[PDB]
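Engineer: here is the sequence, then the experimental structure:
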Amino acid sequence: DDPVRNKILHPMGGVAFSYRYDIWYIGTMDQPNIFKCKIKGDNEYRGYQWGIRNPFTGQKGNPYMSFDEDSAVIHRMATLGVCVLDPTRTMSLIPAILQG
Amino acid sequence: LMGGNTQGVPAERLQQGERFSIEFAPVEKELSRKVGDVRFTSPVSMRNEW
Amino acid sequence: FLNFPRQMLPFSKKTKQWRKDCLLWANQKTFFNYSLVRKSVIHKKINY
Amino acid sequence: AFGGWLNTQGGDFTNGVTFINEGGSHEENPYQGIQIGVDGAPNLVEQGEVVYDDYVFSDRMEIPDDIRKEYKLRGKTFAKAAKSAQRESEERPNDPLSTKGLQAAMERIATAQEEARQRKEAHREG
Amino acid sequence: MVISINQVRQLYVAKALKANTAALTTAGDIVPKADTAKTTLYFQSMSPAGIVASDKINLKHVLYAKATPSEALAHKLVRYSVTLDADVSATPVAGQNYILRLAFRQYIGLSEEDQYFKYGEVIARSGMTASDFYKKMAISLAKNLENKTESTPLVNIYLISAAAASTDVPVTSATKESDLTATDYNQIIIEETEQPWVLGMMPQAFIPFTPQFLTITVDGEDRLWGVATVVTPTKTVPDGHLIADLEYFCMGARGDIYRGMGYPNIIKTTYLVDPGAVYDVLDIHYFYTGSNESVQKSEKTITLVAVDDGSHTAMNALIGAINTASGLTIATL
Amino acid sequence: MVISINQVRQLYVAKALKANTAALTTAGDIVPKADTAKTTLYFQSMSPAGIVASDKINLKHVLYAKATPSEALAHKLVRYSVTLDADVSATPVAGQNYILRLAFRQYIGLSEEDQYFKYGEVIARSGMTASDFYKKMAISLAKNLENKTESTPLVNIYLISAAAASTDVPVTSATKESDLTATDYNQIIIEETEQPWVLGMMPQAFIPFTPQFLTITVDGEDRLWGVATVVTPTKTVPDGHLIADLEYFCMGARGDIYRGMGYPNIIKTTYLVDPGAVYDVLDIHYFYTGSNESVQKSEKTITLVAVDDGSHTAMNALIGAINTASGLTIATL
Amino acid sequence: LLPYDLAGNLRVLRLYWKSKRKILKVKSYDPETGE
Amino acid sequence: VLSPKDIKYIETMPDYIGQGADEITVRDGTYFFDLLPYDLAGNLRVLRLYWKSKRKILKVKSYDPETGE
């Protein structure tokens, strides 16, 4: 029912994503059907390049400078996916006004 | 011009022979970049014999 | 949080959520150390 | 607790002078003093007086000028004159010369205070 | 208001063109200054307390220099044509409650999770024509929305007759049944309203909505009542309140960063933009490179704003003055 | 600028005059209304957020009603014409040190116990004439006073050529003696200048001054070298900074007394006085006396301001609309 | 990041840190001697 | 000997750093981007200065009471 992402309204009020029926789990499967694939070891690289000051870590004075400007940028990145082993074990029912 | 001058420097102050001297090198507070430099000097030698 | 939660506290303000905010920081911002007298983990793993 | 002590490097170093504070006067205290010792059993000290070698420098008295020009005191009180003779030795309590400089100066204010006590007793009984 | 910047943004108001620095007499004047060797461009602008210049634009380091008309910054207040859906019934069904729901979405807070719901209501009766219906529901939609005691202006609601079909007759909380004397009403127009605006503290932001209908039974079936189609907007708010807020932010880059914080003790900056006029925008966006192994770009932009009089003469004179002094291909709009 | 009130004083800006209550469309309009029996008078004015009325002036209970023009509220800047004292020597004697001391008196701080003394110094030569004295004197006074690196201007220095005899020769710190090519000078005119002005926070005040002289030894007698008389003033400060400060104070009687204090959490009142225009002021003093035992008066006044351009076309229309509505005898200036 | 293993194990993160605590140094004259 | 103002300086300091040897990221999962008081590990510059000052003292000649030495 989240109206920030769901923007198409249904004719009967509310967002159009409210009228969608999802049976995620049909029976038991002896293994996880839906799971969140995450890489072993890929912690997100917290990475700062900075100049003479670093406002995040709070470091005054830098021995190894990336560049010469009063800046500090954060770069973080994550490799991530999901996997549904048996999509036939999962029955959905979508309103057509979401246009597939 | 740096010191708030909105009328200009006279033409008498930009003549040949006028010595110029370094004071300092200001930057902003925010997103500063590099300015300024450092000057040095060399010694010369003298001579006597026996 | 920004850093490790403030340690210069009285003992009564070290509540259940102050200790959990400390431990949640170790979950997130403790993977990359410029260790001064140790080698890298990728260097040691190659040695084994 | 800073009273005549040098609490540095994890250790507690004294020069011998005991700055007996935090109590109050004799008449304001329940006990009437800090009761530093029972060795006379009520050995009672107040907030202003200082002790060196079990000798009490009183804060109630004053420094007459006849024993200011001789014995060479610096403060306005005998307690404040013992609080100024220990200013060198309170930061160097292990010094051999300063512990000689402190013991020599404390005997002077001992003889300065004892002369004030006998000249007062001659004034009241006379 | 607060805007996003590409590392800086500084605004100058082009109230006049004087062609040299010796003719700068009143506040807000502009000369685009450059030399014969077209390598530096800067703007000696007359502030209310002296002559001030800009950062010196290296003309080999410009990225885009685009001037926008005043018609391109006008928010079009959207409308909705609320009618009777003829598939259910061409006439109002004589026993049903005819209710229409307005679902507002920015309320008093920005997120689309802050909402507000207002209603209009008409009991439909026997012999009530569709023109007697829209005369009865535009009043009931005005008594809830065009009221005097609401906190903020929400919508403007009109009626459209079938004879004229172009002019809108306004319906408010004071309009009676006898004032709207016409027998050919065919739609109800629900239009957005400009919200109140305060300089620097309350930005120009609007409240959207969606007219949603309720179900009224016909032959046993609970059929949705009406249809609402987004007709093209005919009223726009001017550019007067965006540029008045734009001088308020970008004056803190060239000047004091705080504006009133502690009021015996402030530096009162005098502003030059009238908030009651429309204005054109010109953005020269550039950067600053060095000569090293550390060379690349500290990106900047300079906004110049000239007054718009209908055919953009005060802006095109600035573009025609920058094009000769600097030699850039800024498109005369 | 905090002014004194007998009791409360309300200021209303008359930027335009109409004749009907339904004619008020712009911010600043006013109408003088009354009965047909001449028993009350009140002004309906157009605030920028609605129509406001004034208090009901009982036309039996008016004390005075006088209208003040713009030239009565213009501060005449005083001038001091310094000449060489004729009985001492009309020409500068050779080898003496001619020093002039300008004695300021409200330099900062209202009391005259806060003073300030600026100096000018000339040592004369054997070939220095009287016209060559004032050239070297005013080049030294503007060297001490009107330096650009100071905080505020204090006085203005002017030379006078006797060939023109009415056109000032302005001497600043950037002028040399090469610019002053006239060989016929008869006096130095020292004239005070306009101090800065920030409305509500800094009132319009001025620093007075009187030049004093040091003694010189002409014939073994230590006589003072000059005489300073006050000529009639020719430059006047306009009325704009006095009426904007008069609306800023009296917009706390109608409106809010908390001006700007807790800066995001305030109400701001919009001021309809442009401080760059001269104004004419109309003051209607009256009172309220109640029925039986409340016979003590509440002596209150209502101020109206209208901008004039040379001939007072707007205030004489504002006076003319009141006397046909109220029955007063307000003088048409 | 990952609470489980593929041998069905649990990721147990032990953290140890040196917090700061407020203590008071009290100087007490004993009643018997004076030390 | 540390004052509580001086503990507040010790408390507000670097204690975390970030990845290290617009940043181009290389090496896939192990992404690699391509007299000062802290050590970029959370340490403090304890500079300790030892020096020999000068002290004015007195050599005093006195006489033993019991024997004239």
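Structural biologist: That came in fine, so what should we check first? Numbering: from 1, shown residues only, chains lettered A, B, ... in the order given.
Engineer: dump the residue contacts of residue E:74.
Structural biologist: Residues near residue E:74 by CB atoms under 8 Å, 6 or more residues apart in numbering or on different chains: E:236, E:237, E:238, E:239. Just so you know, the C-beta spots here come from the backbone N, C-alpha and C atoms, and that holds for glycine as well.
Engineer: just the buried residues of those residues.
Structural biologist: E:237, E:238, E:239 (16 or more other CB atoms under 10 Å in any protein chain shown).
Engineer: was I right about the last one contacting residue E:70?
Structural biologist: Yes: checked against CB atoms under 8 Å, the pair residue E:239 and residue E:70 is within contact range at 5.0 Å.
Engineer: any residues in contact with both of those two?
Structural biologist: Common contact partners of residue E:239 and residue E:70 (CB under 8 Å, 6+ apart): E:278, E:279, E:308.
Engineer: tell me which residues touch the nearest residue to the last one once chain neighbours are set aside, please.
Structural biologist: Spatial nearest neighbour of residue E:308, chain neighbours left out: residue E:70 (3.9 Å); criterion: CB to CB, 6 or more residues apart in numbering or on different chains. The neighbours of residue E:70, taking CB under 8 Å, 6+ apart as the test, are E:238, E:239, E:278, E:279, E:280, E:308, E:312.
Engineer: try it again with 7 Å
Structural biologist: Counting by CB atoms under 7 Å, 6 or more residues apart in numbering or on different chains, residue E:70 touches E:239, E:278, E:279, E:280, E:308.
Engineer: quick check: it vs residue E:321, distance?
Structural biologist: 19 Å (CB to CB, to the nearest Å).
Engineer: got the phi/psi numbers for the residue of chain C found nearest chain F?
Structural biologist: Nearest residue of chain C to chain F: residue C:2, at 25.6 Å (CB to the nearest CB). Main-chain torsions, residue C:2, degrees, to the nearest 10: phi -110, psi -60.
Engineer: for the nearest residue to residue E:8 once chain neighbours are set aside, which residues count as its bridge partners?
Structural biologist: Using CB to CB, 6+ apart and skipping residues adjacent in sequence, the residue nearest residue E:8 is residue E:300, 5.1 Å away. Beta-bridge partners of residue E:300, counted by DSSP bridges, are residue E:286.
Engineer: can you report how many residues lie near residue E:300?
Structural biologist: When neighbours are counted by other CB atoms under 10 Å in any protein chain shown, residue E:300 registers 21.
Engineer: list the contacts of it.
Structural biologist: E:7, E:8, E:55, E:286, E:287, E:288.
Engineer: you'd agree the first one is up against residue B:33?
Structural biologist: Same thing as residue E:7. No: assessed by CB atoms under 7 Å, residue E:7 is found out of contact with residue B:33, at 11.6 Å.
Engineer: can I get the buried ones among the contacts of residue E:74 in CSV including secondary structure and distance to residue F:304?
Structural biologist: Putting these into CSV (DSSP: H, G, I helix; E, B strand; the rest coil; distance: CB to CB, whole Å) gives the following:
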residue, secondary structure, distance to residue F:304
E:237, coil, 34
E:238, coil, 32
E:239, coil, 35
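Engineer: any chance of the residues you listed in CSV, with distance to chain C too?
Structural biologist: Shown next, in CSV, are these (distance: CB to the nearest CB, whole Å):
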residue, distance to chain C
E:237, 41
E:238, 44
E:239, 41
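Engineer: dump those into TSV; add distance to residue E:48 as well.
Structural biologist: Shown next, in TSV, are these (distance: CB to CB, whole Å):
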residue	distance to residue E:48
E:237	28
E:238	25
E:239	23
